[PDB]
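Chains as they are written, first to last, in PDB author numbering: chain A, 9 to 326; chain G, 9 to 326; chain D, 9 to 326; chain E, 1 to 172; chain H, 1 to 172; chain B, 1 to 172.
In what follows, a single structure is set out as structure tokens and then discussed.
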Ligand SMILES: *[C@@H]1O[C@H](CO)[C@@H](O[C@@H]2O[C@H](CO)[C@@H](O[C@@H]3O[C@H](CO)[C@@H](O)[C@H](O[C@H]4O[C@H](CO)[C@@H](O)[C@H](O)[C@@H]4O)[C@@H]3O)[C@H](O)[C@H]2NC(C)=O)[C@H](O)[C@H]1NC(C)=O
Ligand SMILES: *[C@@H]1O[C@H](CO)[C@@H](O[C@@H]2O[C@H](CO)[C@@H](O[C@@H]3O[C@H](CO)[C@@H](O)[C@H](O[C@H]4O[C@H](CO)[C@@H](O)[C@H](O)[C@@H]4O)[C@@H]3O)[C@H](O)[C@H]2NC(C)=O)[C@H](O)[C@H]1NC(C)=O
Ligand SMILES: *[C@@H]1O[C@H](CO)[C@@H](O[C@@H]2O[C@H](CO)[C@@H](O[C@@H]3O[C@H](CO)[C@@H](O)[C@H](O[C@H]4O[C@H](CO)[C@@H](O)[C@H](O)[C@@H]4O)[C@@H]3O)[C@H](O)[C@H]2NC(C)=O)[C@H](O)[C@H]1NC(C)=O
Ligand SMILES: CC(=O)N[C@@H]1[C@@H](O[C@@H]2O[C@H](CO)[C@H](O)[C@H](O[C@]3(C(=O)O)C[C@H](O)[C@@H](NC(C)=O)[C@H]([C@H](O)[C@H](O)CO)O3)[C@H]2O)[C@H](O)[C@@H](CO)O[C@H]1O
Ligand SMILES: CC(=O)N[C@@H]1[C@@H](O[C@@H]2O[C@H](CO)[C@H](O)[C@H](O[C@]3(C(=O)O)C[C@H](O)[C@@H](NC(C)=O)[C@H]([C@H](O)[C@H](O)CO)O3)[C@H]2O)[C@H](O)[C@@H](CO)O[C@H]1O
Ligand SMILES: CC(=O)N[C@H]1[C@H]([C@H](O)[C@H](O)CO)O[C@@](O[C@@H]2[C@@H](O)[C@H](O)O[C@H](CO)[C@@H]2O)(C(=O)O)C[C@@H]1O
Ligand SMILES: *[C@@H]1O[C@H](CO)[C@@H](O[C@@H]2O[C@H](CO)[C@@H](O)[C@H](O)[C@H]2NC(C)=O)[C@H](O)[C@H]1NC(C)=O
Ligand SMILES: *[C@@H]1O[C@H](CO)[C@@H](O[C@@H]2O[C@H](CO)[C@@H](O)[C@H](O)[C@H]2NC(C)=O)[C@H](O)[C@H]1NC(C)=O
Ligand SMILES: *[C@@H]1O[C@H](CO)[C@@H](O)[C@H](O)[C@H]1NC(C)=O
Ligand SMILES: *[C@@H]1O[C@H](CO)[C@@H](O)[C@H](O)[C@H]1NC(C)=O
Ligand SMILES: *[C@@H]1O[C@H](CO)[C@@H](O)[C@H](O)[C@H]1NC(C)=O
Ligand SMILES: *[C@@H]1O[C@H](CO)[C@@H](O)[C@H](O)[C@H]1NC(C)=O
Ligand SMILES: *[C@@H]1O[C@H](CO)[C@@H](O)[C@H](O)[C@H]1NC(C)=O
Ligand SMILES: *[C@@H]1O[C@H](CO)[C@@H](O)[C@H](O)[C@H]1NC(C)=O
Ligand SMILES: *[C@@H]1O[C@H](CO)[C@@H](O)[C@H](O)[C@H]1NC(C)=O
Ligand SMILES: *[C@@H]1O[C@H](CO)[C@@H](O)[C@H](O)[C@H]1NC(C)=O
Ligand SMILES: *[C@@H]1O[C@H](CO)[C@@H](O)[C@H](O)[C@H]1NC(C)=O
């Protein structure tokens, strides 16, 4: 005689808890994770040209520490510095180390172009047992340790023009003897001086004599500085002692290069996003792996899980 | 017998596309633009006191480069530096140029008050061929090049109290001779020294001798420094060589003054918001012109267009 | 015959005005305040260990200004620097003062451990009338003003090992004589020098001579520097004049310690959040008291009142 | 509101109502009366209370941070330190402004919806025995004393018992 | 849309209605017509206008800030200056994207809620003298002339006057 | 939910329904059955999927940035680097939290709205032949075999064909 028609919706056995504006806990039939929270534990060798420092800091590679000569002229989308890297050349110190490591890392290249020295009056290629180059006493590949020649250290004055169409990165240094005897003995003048300038800049450094903790047997040190010479400009190095000469320059390019500190193994795969914990998928909007990231990556967030509802509210049945 | 009354809503021919939470593309009858994306291409001469640097950089204006003397005692809500600005005076260096350009810009005033320093024992108002104030030699209007007098150069020691109720900005500097002959020839002493201090700040600079690229014919460079003397304090300059003396001070004020780099013509109109690309309206929440802004300005965003729906969904009839 | 049943909702005499997406002004039955606008004016004494500098800045306490001797070895979760603090010791200057104040504040400890320094050839415990300790001439407590002994000043070379598992904060400095006579008179050498290095760094600082404004009767000044020695490293101090010697080290630690400038009395209550304007409740999401905060605190925002609706809309009643 | 109940098809509010947010008011052979709907009211209150708690029991800790007031002019570095805090401040002030805006707009529609729900819950109960007069009141076409009204409010109303009596009045 | 009126149980819009956002079209003994509901239309516009005004009358003044374009390479400090600006920019772009997205969704549902409100308002006026055909139309079961149709639109209609006639036509 | 259908006037869901989100369930002369409403279900699914896609296919690239971990204590400059990153992190964490909160709340109301739309679409189809029992079920006052019910679900149900039979049962 009569009929009955009922309208309804489905429900599931085990639903999913989600957060709304009126609930920090409410169950819905389905949801999806918005926070990437896991890593494979490895850095995919690509889209990004990756370069494992292995045991060389980007700086040591730049300077030319012997065991780092393998990196000569290397390039990279992402340099990876390992925590067990070490330095085994002459004791050095860089004022504003952070900045140099940064601008080089950003440049993404170590292309070095040797230029015509012009060191008249001094002895070149100085070396140290602290920087052994095989059996011999070596020094940073890209630096020229100058010393007195025939009882005299000239008042050095060399010019190097920038006739190219790109900026040149010159990195030089000054040496800090351990004693006065060393000073005069090595440079004759009792007080050295290094002045590297351009039409746009000028930095004059003065050596400082004194004893410092022995490092690979050396009490002395080398403070390292750098200079960028723009096209049309020219470099002028003027010193009468203690200069550690440049051997040329590094080409400076702009791009997406960068550096990262990570002990993650570099496997063979493909992952747009790289973190020190390894690579991670970028299909989620947020990630909780690490705030340090390189590439197309989800934003980092404190939350280890955020569920986006994808179905109606789940209402059981008694 | 019957009657039939239907209810309805309107629709329009050319509807508008807008984005929602459940649609990135959906059509509504009407919407308004929220992203100020355009220019007039010109900077309005009002409301803000605008000052075109022209060929002069705020710095050179401050120092007193000859072609920048029109800017003496100038003020500005917004100083405007041009890309073809050049320096036509003696080679100079300023450790921390950016901060000086900054604090000066924010003070927004170049009011200079000449003080009666008394330089006994030296020759003043010295100049250069690289500072052709008119055909003859010259120097920065606000600086006083000091030189030996009657074969000597005193251990200068001049004091200047700040008996006013405001802060004074003194800008002085030191000279770096090209050679030793130059040093001893100009300042007698073989090594110069400049010490400027208050009861709160002490800074001492040591001249550094060397050959640097020729600029308007000069290997030598002048390094510039500044010193703020607070009310109730006192300035003391002590030097026995190489000091480029102050002639007085700059009044320091706080406000909405600033500086901007542009090439945008300055017309006669009224625009609250200013950008490097010119002024732009501020009736929209966002803008995609330039992130560099001055005044009441829409927040810069990457999106070049964002439509706010202002009408129902548009459902045409066929 | 028939009955009449009506449905309705309540309303209040005087409601509350709120802002929506379609009303910067609409009225609800009840709302709650989202912005903490008021402070007690006082700083609670404790979930946090509060230290009132009183008349001492953190630095002066660190250096050992005589009246700041009470803060010797003191600790703090939050140090409180007062506006009327003053210095009653020798005229000093700290390059990067802010960073030192910051790292010590963050460390939250003044535990000075005295080491056995070896100053052979000089006169220790130097002092001045500018730093009276009772009737006599004194100096900073954690510092050692060295001067000539038996008509000479030794080329000092002292080593101090960190054979501990924690980091040592060494704080020393160099002295700037007012005249050459003073220089040779105190250190014998016409030119002094201080070099403080580790296997990780070095800081070779050169004294600067000249007259500076009398502070407490002193033209001269003491510049102040710091050095961190990591476990397994040794400190080497090499100076032949003008060194202001360390007396030991401060033990560095990590935690939640910090520093705040406030004149707000310290009271005995219990409040998580601390602002320069006093302590404040953290039960509200936002606050408009001060952008400077410490502890569990509300995000500072510009708005002074933000109402969250907690009732329906208010519709009068005839 | 999206539902047009409160401040809509329900002209006014009842300041006389003190025991609940929603309720019934009648007139029948026995006289007038007023009662608040506990179920309805509590549902709104419970939701709004959860909504509130998502925003109050929450704040994070920050200890050592950066300076934010300066006694001297420095330049580049200080500019950045100020720009940073200022940038931070505007972003949060915007979040606060938007949160309440959104929250409040949703709170007004929710209260309105809960009012509409009660109306529908009542209409469905009465079935063919009453008619919606358009002002939130139902005209029950049958003698309905205090007890009869109470059964409606407590939701035990049996429409069959009155269907005939009602149908006659409605269609005569 | 949450209410399923616009682009819902109402097949499509009228390009012909150029006098409002809402209205009626009728077919009676005297003919076929079309008025636009002012009250309704005005209510949609007033809400969207206040909604708009909140978003566009607001800008903030910022004078001396940090730099943002660099002529030379520097390092640490400059990196921070860029990250800061870049960071700030992404966060506002997100705010903007979200703002409209939210706003537009509420705007489409509000216009839907307004359409529906007019419909329920209309249905409650007609009472038992008419039926909802489901295409957004009420089949009025009596002779409703231009005067009768006007009384419905301006909200004066008395269901009692045509009640009997309608029930006769409905339940026959 | 704002519409009071799901977890509302519809006691609970159907775990037996595994091929749809919404559907009907009957009990006619021929027994009882169950069928999912594709139209309705798809509408919800399509909307929620778009909703999802506006949040997943999107991430921006950042290469050279600022350091975020430090091996040594430095002071001022480092503090700023950390404050900046930390400030950035909280702002986004806030954004994420608020996104799902808003999204989810809207997703629950939308699914609820789609359910109600189906109910209304049905009620209007049945016209005067059925009555809403108040639990999401319609009592059809006329013999309705499987075919008759199917026509309803596929929306081809012709109310006139049963009006008389129905009206008699309803008002007798
Ligand atoms: C200023 O003080 C510093 C720090 O105290 C001081 O430097 C020290 O110098 C001594 C010698 O001048 C160094 O001693 C060496 O220590 C290493 C151990 O690490 C040994 O290899 C050295 O070898 C000796 O003994 C070997 C036996 O197997 C022999 O084969 C070899 O030929 C040597 O006899 C030697 O003992 C010491 O390393 C440093 N210490 C530090 C902290 O750097 C410096 O001498 C002082 N300034 C001056 C120049 O007076
Ligand atoms: C250290 O090396 C630097 C770099 O080489 C060196 O500086 C150079 O000095 C020479 C002079 O010795 C400069 O030469 C000048 O070049 C400009 C060209 O624009 C001319 O204006 C000058 O003109 C002279 O010659 C003309 C010939 O007719 C005469 O008419 C006129 O009167 C002048 O006599 C002059 O030739 C050269 O520009 C700089 N180079 C740079 C880039 O700085 C410096 O001198 C060296 N250190 C020392 C002093 O040993
Ligand atoms: C370089 O210039 C500086 C600054 O002008 C200059 O320093 C000045 O030195 C004189 C002393 O030579 C200081 O004068 C003192 O001021 C205080 C004020 O509180 C007095 O108490 C001192 O009293 C002395 O002199 C009295 C004579 O009336 C005696 O009665 C008394 O016992 C004291 O011996 C004295 O007057 C002056 O304050 C400073 N100025 C500043 C701001 O430093 C310095 O002398 C110059 N350099 C050289 C080496 O010439
Ligand atoms: C040369 C030598 O073997 N002499 C023995 C003494 O040791 C020498 O001590 C001096 C310092 O007094 C240096 O450290 C010598 O080492 C080098 C080095 O670094 O390897 C030698 C290098 O040739 C030299 N390089 C140059 C270009 O100068 C380098 C530098 O001069 C210094 O670093 C300057 O800072 O020094 C080291 O061999 C030893 O003290 C003595 C006792 O047994 O025996 C000597 O035969
Ligand atoms: C007792 C007195 O008043 N003597 C007068 C002479 O004063 C001396 O002048 C010299 C400068 O030439 C210093 O200011 C002397 O002050 C001290 C001090 O600061 O207390 C003396 C301390 O013993 C000394 N301490 C050390 C470690 O050297 C200290 C330092 O040398 C300086 O502070 C370094 O800048 O100086 C002061 O007593 C005065 O020279 C003479 C002429 O006016 O008149 C004398 O009456
Ligand atoms: C204040 C003064 O003495 N001005 C000199 C100036 C300085 O002595 C010089 O800048 C110190 O670095 O030198 C001037 O130029 C000189 C020429 O006149 C001369 O022919 O060659 C000199 C090279 O050693 C030097 O270039 C100058 O800068 O204008 C002359 C000026 O009077
Ligand atoms: C890259 O590095 C190589 C070194 O490995 C450079 O090659 C040198 O080139 C110079 C001439 O400019 C020769 O005199 C050297 O003998 C080469 N080094 C050797 C022996 O291998 C090369 O010039 C650099 N160029 C790039 C790619 O930047
Ligand atoms: C990813 O790598 C980091 C290392 O950078 C892991 O280490 C955490 O580092 C933070 C520093 O911000 C510390 O507060 C934590 O104590 C560290 N976590 C632990 C328990 O080791 C981080 O945990 C890693 N995360 C993942 C997803 O593995
Ligand atoms: C939840 O929704 C996602 C996409 O919206 C879908 O891929 C997933 O299968 C759903 N859950 C399940 C397992 O049914
Ligand atoms: C209404 O809609 C169209 C498309 O958004 C738009 O371009 C037009 O500017 C809007 N009307 C106005 C002028 O506000
Ligand atoms: C510059 O301005 C000051 C007033 O601040 C005034 O005393 C001085 O004379 C002015 N100089 C010139 C060039 O007018
Ligand atoms: C605005 O100016 C910038 C340079 O500061 C330029 O690169 C950009 O393309 C210009 N865009 C506009 C809004 O015209
Ligand atoms: C609003 O007023 C009421 C009175 O019923 C009170 O209980 C409540 O605490 C106030 N709102 C809130 C949530 O603070
Ligand atoms: C703090 O100073 C005391 C003397 O008051 C000293 O004995 C103690 O070692 C210092 N703190 C420590 C424990 O390092
Ligand atoms: C509802 O009202 C009726 C009549 O007044 C009463 O008998 C019944 O117990 C009530 N039910 C409840 C649960 O209040
Ligand atoms: C409604 O329409 C009828 C007939 O046109 C008219 O008499 C009546 O006054 C109208 N009511 C109002 C207030 O518009
Ligand atoms: C609807 O159901 C009826 C009865 O089962 C059937 O005849 C008709 O073809 C159906 N319409 C469609 C196309 O689903």
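Note that beta-carbon positions come from the ideal geometry of N, C-alpha and C, so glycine has one too.
Exposed or buried, what is residue i when buried is set at 16 or more other beta-carbons lying within 10 Å of its beta-carbon?
i: residue 113 (chain A); result: buried
i: residue 78 (chain D); result: exposed
i: residue 325 (chain A); result: exposed
i: residue 39 (chain H); result: exposed
i: residue 206 (chain A); result: buried
Give the DSSP bridge partners of residue i, in chain order.
i: residue 164 (chain A); result: A:247
i: residue 177 (chain A); result: A:236, A:258
i: residue 286 (chain G); result: G:283
i: residue 302 (chain D); result: D:282
i: residue 328 (chain D); result: Lying outside 9 to 326, the shown extent of chain D, residue 328 (chain D) is not represented and no answer is given.
Taking the alpha carbon of residue i as the reference point, which residue from the options has its own alpha carbon closest?
i: residue 147 (chain E); options: E:2, E:49, E:33; result: E:33
i: residue 348 (chain D); options: D:228, D:106, D:209; result: Absent from the model: residue 348 (chain D). The displayed extent of chain D is 9 to 326, so no value can be given.
Is there contact between the segment 129-147 of chain G and the segment 201-216 of chain G, where contact requires at least three CB pairs shorter than 8 Å? Under the 8 Å Cβ criterion, the segment 129-147 of chain G does not count as touching the segment 201-216 of chain G, having fewer than three qualifying pairs.
Closer than 7 Å between beta carbons: that is the criterion. Which residues of the segment 209-243 of chain G meet it against chain A? 216, 218, 219, 220, 221, 223, 229
Using a Cβ cut-off of 8 Å, which residues of the segment 293-320 of chain A contact any Cβ in chain B, in chain order? 293, 294, 299, 300, 301, 302, 303, 304, 305, 306, 307, 308, 309, 310, 311, 314, 315, 316, 317, 318, 319, 320
Select from the segment 15-45 of chain A all residues with a C-beta closer than 7 Å to any C-beta belonging to chain E, and list them in chain order. 29, 30, 31, 32
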